[PDB]
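Participant: Would you mind keeping the following structure in view while I ask a few things?
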Amino acid sequence: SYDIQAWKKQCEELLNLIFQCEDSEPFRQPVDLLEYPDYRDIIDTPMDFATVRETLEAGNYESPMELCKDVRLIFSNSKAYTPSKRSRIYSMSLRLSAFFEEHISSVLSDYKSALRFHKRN
Ligand SMILES: CC(C)NC(=O)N1CCN(C(=O)c2cccs2)CC1
């Protein structure tokens, strides 16, 4: 399965699944400062799933590793901003992260395998 470009549609489909998950609700759009005026004192690099989808659709990811780094930043931002490990929105982040990691593993493996095959000779 050595298609170097296949990751992009596989990532589009995974983002559609994440948007169908009720657990993605807090993460579908950039955090609103009006609600959380201290957010940028704690979070240097806001990230959300709509920004990830737009970056992919613009052709501004070169690899699924770059997309994975931005999705992981959504989850690390949540873990940093939560006052409790027993918070609703944080607990939503942890279930969504497990779902994402379970599905991205094959996308990353197939891509890196395809690139190694491209450089075989
Ligand atoms: C788009 C809108 C719905 N997002 C938003 O306002 N969020 C979600 C992300 N966020 C958090 O991760 C936490 C909040 C409290 C514990 S963590 C801050 C609040």
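Please note that chains go A, B, ... in the order of the structure tokens, that every chain numbers its residues from 1, and that ligands are numbered from 1 in the order shown.
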Find the residues near ligand 1. Use a cut-off of 8 Å, count only C-alpha atoms and all ligand atoms, and write them as number ranges by chain.

Facilitator: A: 25-33, 35-36, 39, 48, 74-75, 77-84, 87-90, 93

Participant: Keeping C-alpha atoms for every residue in the selection just given, could you write it to a file as a PDB file, in the first residue's frame?

Facilitator:
ATOM      1  CA  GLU A  25     -18.050  19.990  20.778  1.00  0.00           C
ATOM      2  CA  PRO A  26     -15.597  22.166  22.841  1.00  0.00           C
ATOM      3  CA  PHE A  27     -12.826  21.790  20.159  1.00  0.00           C
ATOM      4  CA  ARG A  28     -14.766  22.463  16.872  1.00  0.00           C
ATOM      5  CA  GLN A  29     -13.823  26.222  16.740  1.00  0.00           C
ATOM      6  CA  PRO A  30     -11.136  28.463  18.340  1.00  0.00           C
ATOM      7  CA  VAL A  31     -11.718  29.191  22.084  1.00  0.00           C
ATOM      8  CA  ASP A  32     -13.643  32.487  22.650  1.00  0.00           C
ATOM      9  CA  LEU A  33     -11.644  34.990  24.803  1.00  0.00           C
ATOM     10  CA  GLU A  35     -15.747  33.590  27.994  1.00  0.00           C
ATOM     11  CA  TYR A  36     -12.038  32.901  28.904  1.00  0.00           C
ATOM     12  CA  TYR A  39      -6.798  32.014  27.917  1.00  0.00           C
ATOM     13  CA  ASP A  48      -9.025  23.710  17.120  1.00  0.00           C
ATOM     14  CA  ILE A  74      -5.665  20.794  20.860  1.00  0.00           C
ATOM     15  CA  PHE A  75      -5.421  18.130  23.603  1.00  0.00           C
ATOM     16  CA  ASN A  77      -4.002  23.025  25.424  1.00  0.00           C
ATOM     17  CA  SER A  78      -7.064  21.494  27.149  1.00  0.00           C
ATOM     18  CA  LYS A  79      -4.865  19.656  29.740  1.00  0.00           C
ATOM     19  CA  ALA A  80      -3.043  22.970  30.508  1.00  0.00           C
ATOM     20  CA  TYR A  81      -6.228  25.118  30.874  1.00  0.00           C
ATOM     21  CA  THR A  82      -8.254  22.623  33.078  1.00  0.00           C
ATOM     22  CA  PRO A  83      -8.376  23.480  36.833  1.00  0.00           C
ATOM     23  CA  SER A  84      -9.260  19.791  37.613  1.00  0.00           C
ATOM     24  CA  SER A  87     -13.411  18.626  34.502  1.00  0.00           C
ATOM     25  CA  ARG A  88     -16.183  17.969  31.903  1.00  0.00           C
ATOM     26  CA  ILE A  89     -14.350  19.569  28.912  1.00  0.00           C
ATOM     27  CA  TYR A  90     -10.966  17.984  29.915  1.00  0.00           C
ATOM     28  CA  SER A  93     -10.560  15.891  25.510  1.00  0.00           C
TER      29      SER A  93
END

Participant: Neighbouring residues of residue A:106 were defined as those with any atom within 12 Å, considering only C-alpha atoms; residues of the same chain fewer than 2 positions away were excluded. Please report them as an MDAnalysis selection string.

Facilitator: chainID A and resid 1 6:7 10:11 14 64:65 100:104 108:113

Participant: Filtering to N, CA and C atoms, could you give me those residues as an mmCIF file, in the first residue's frame?

Facilitator:
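The resulting file, again_24.cif, is shown below:
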data_model
loop_
_atom_site.group_PDB
_atom_site.id
_atom_site.type_symbol
_atom_site.label_atom_id
_atom_site.label_comp_id
_atom_site.auth_asym_id
_atom_site.auth_seq_id
_atom_site.Cartn_x
_atom_site.Cartn_y
_atom_site.Cartn_z
ATOM 1 N N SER A 1 0.871 -1.223 0.000
ATOM 2 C CA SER A 1 0.000 0.000 0.000
ATOM 3 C C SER A 1 0.889 1.248 0.000
ATOM 4 N N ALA A 6 -2.069 9.115 0.005
ATOM 5 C CA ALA A 6 -3.342 8.572 0.523
ATOM 6 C C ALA A 6 -3.693 9.161 1.905
ATOM 7 N N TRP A 7 -2.720 9.643 2.678
ATOM 8 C CA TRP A 7 -2.964 10.153 4.034
ATOM 9 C C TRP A 7 -3.973 11.305 4.025
ATOM 10 N N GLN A 10 -7.531 10.148 4.019
ATOM 11 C CA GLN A 10 -7.719 9.368 5.255
ATOM 12 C C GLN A 10 -7.872 10.361 6.417
ATOM 13 N N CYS A 11 -7.115 11.458 6.418
ATOM 14 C CA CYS A 11 -7.246 12.500 7.451
ATOM 15 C C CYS A 11 -8.562 13.263 7.311
ATOM 16 N N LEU A 14 -11.174 10.998 8.860
ATOM 17 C CA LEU A 14 -11.043 10.952 10.337
ATOM 18 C C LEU A 14 -11.582 12.257 10.950
ATOM 19 N N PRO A 64 1.129 13.712 7.278
ATOM 20 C CA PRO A 64 0.183 13.488 8.365
ATOM 21 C C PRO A 64 0.832 13.708 9.743
ATOM 22 N N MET A 65 2.163 13.680 9.842
ATOM 23 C CA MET A 65 2.851 14.011 11.115
ATOM 24 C C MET A 65 2.564 15.455 11.506
ATOM 25 N N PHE A 100 -8.823 9.505 18.484
ATOM 26 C CA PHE A 100 -7.900 10.007 17.456
ATOM 27 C C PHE A 100 -6.655 9.129 17.339
ATOM 28 N N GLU A 101 -6.010 8.800 18.456
ATOM 29 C CA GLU A 101 -4.760 8.024 18.434
ATOM 30 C C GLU A 101 -5.027 6.648 17.845
ATOM 31 N N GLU A 102 -6.156 6.052 18.219
ATOM 32 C CA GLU A 102 -6.521 4.699 17.697
ATOM 33 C C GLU A 102 -6.607 4.720 16.175
ATOM 34 N N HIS A 103 -7.091 5.797 15.578
ATOM 35 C CA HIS A 103 -7.363 5.893 14.121
ATOM 36 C C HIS A 103 -6.170 6.464 13.337
ATOM 37 N N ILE A 104 -5.340 7.332 13.933
ATOM 38 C CA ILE A 104 -4.207 7.962 13.213
ATOM 39 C C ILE A 104 -3.014 7.016 13.055
ATOM 40 N N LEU A 108 -0.329 7.114 9.845
ATOM 41 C CA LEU A 108 1.106 7.428 9.979
ATOM 42 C C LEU A 108 1.974 6.273 9.488
ATOM 43 N N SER A 109 1.662 5.054 9.916
ATOM 44 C CA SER A 109 2.428 3.852 9.493
ATOM 45 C C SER A 109 2.419 3.717 7.964
ATOM 46 N N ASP A 110 1.254 3.805 7.331
ATOM 47 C CA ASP A 110 1.181 3.626 5.865
ATOM 48 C C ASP A 110 1.988 4.710 5.140
ATOM 49 N N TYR A 111 1.911 5.963 5.615
ATOM 50 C CA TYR A 111 2.638 7.067 4.992
ATOM 51 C C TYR A 111 4.138 6.793 5.094
ATOM 52 N N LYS A 112 4.625 6.475 6.304
ATOM 53 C CA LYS A 112 6.071 6.339 6.458
ATOM 54 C C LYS A 112 6.580 5.136 5.642
ATOM 55 N N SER A 113 5.789 4.069 5.578
ATOM 56 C CA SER A 113 6.090 2.882 4.726
ATOM 57 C C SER A 113 6.177 3.295 3.250
#

Participant: What gap, in Å, lies between atom CA of residue A:19 and atom CA of residue A:49?

Facilitator: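 A separation of 8.2 Å between them.
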
Participant: Let's see if you can do this: from backbone DSSP, list all alpha helix (DSSP H) residues in chain A, as an NGL selection string.

Facilitator: :A and (7-20 or 39-42 or 49-57 or 64-81 or 88-118)

Participant: Ranking A:94, A:54, A:117, A:60 by minimum distance to residue A:15 and counting only C-alpha atoms, which one comes first?

Facilitator: A:54

Participant: What's the separation between atom CA of residue A:62 and atom CA of residue A:5, in Å to one decimal place?

Facilitator: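 About the pair atom CA of residue A:62 and atom CA of residue A:5: they are 9.7 Å apart.
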
Participant: Between atom CA of residue A:51 and atom CA of residue A:69, what distance in Å does the model show, to one decimal?

Facilitator: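 Atom-to-atom, atom CA of residue A:51 and atom CA of residue A:69 are spaced 12.9 Å apart.
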
Participant: Which of these, A:105, A:121, A:92, A:43, has the shortest distance to residue A:22 once you count only C-alpha atoms?

Facilitator: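 Closest to residue A:22, using only C-alpha atoms: A:92.
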